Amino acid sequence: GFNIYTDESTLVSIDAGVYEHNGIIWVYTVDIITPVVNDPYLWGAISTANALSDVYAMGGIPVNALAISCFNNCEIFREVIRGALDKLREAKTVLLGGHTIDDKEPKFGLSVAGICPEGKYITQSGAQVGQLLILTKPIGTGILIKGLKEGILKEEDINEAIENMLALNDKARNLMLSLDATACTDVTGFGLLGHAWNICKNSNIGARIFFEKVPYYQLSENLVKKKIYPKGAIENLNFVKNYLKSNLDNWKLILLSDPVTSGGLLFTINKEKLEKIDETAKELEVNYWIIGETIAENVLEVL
């Protein structure tokens, strides 16, 4: 008889993007990293957790993925894939295959596709003034990873960091969504200050972070005080310098700028949500730290 049918879709690309089609939202991300530990299996697992986090940070549910590496261009990859498969299985994400890239520097990662149901798509631009900044994993891995490279540390010294890098941000995403977070991102290569600033620039606001409230590995502090830290840290710190307000020692600023690998989620929530955060977090079995709040002035304050 009489029939009416409509179809609509939108694609936004910034192999990264967001796709909406008749009510469903898909997010696509790509993330590849250089070895962080001298164990192929751990590298595959960590790289996978790191890549999936791009999706979790958007409130997404990872669905499938493609392995990406410099194969042939850079037996070890067999262990790398084994580690990636285990982490993917834990994440209930399907590996659809792999793509080789032209690069001589050893790198591995994934391109991931996820879904954001009921329009629950979270960006880095919805933050408002007077909200709390919540972080779900410690920082300082960059410092530890360098310590390893310099032969100052051994893997056994940083098992806590490795355990955190291995951890999926699925529980963190659930906490973030449960508290109706207005903005979210994960903490990786740009450091805690860099990613916080990303939220500040895209939301047109500023942030106040309290160093004493930021979780980090004791060993990261010990190493940074002895001038042991990655270059990315200096690059990150300088990137926010023209917007940074702080009278804290340089080592604290370097620590806060240290490139993180497979870090936790960094998101903003209203002060009222503070009433249920601990209980919600406990039920979900995920850690959280309240590190500061957003301000109107477009600067980054650290005290």
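Numbering starts at 1 and runs along the sequence shown.
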Unresolved deposited residues lying between neighbours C74 and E75: 4 to 9
Size class of the missing deposited segment between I14 and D15: 1 to 3
Entry-level comparison of average CA B-factors, 231-239 and 59-67, reporting the higher stretch: 231-239
Stretch exceeding the other in mean C-alpha B-factor - 170-178, 96-104: 96-104
Candidate set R208, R89, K137, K226 [ranked by C-alpha B-factor, highest]: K226
Peak C-alpha temperature factor (PDB record), options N204, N159, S220, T188: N204
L253 - which third its CA temperature factor falls in, relative to the rest of the chain: middle
Within-chain third of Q131 by Cα B-factor, per the entry: middle
Record-listed C-alpha B factor of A49: chain third: lowest
CA B-factor placement of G142, once the chain's modelled residues are sorted into thirds: middle
Third of the chain's Cα B-factor distribution that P117 belongs to, per the entry: highest
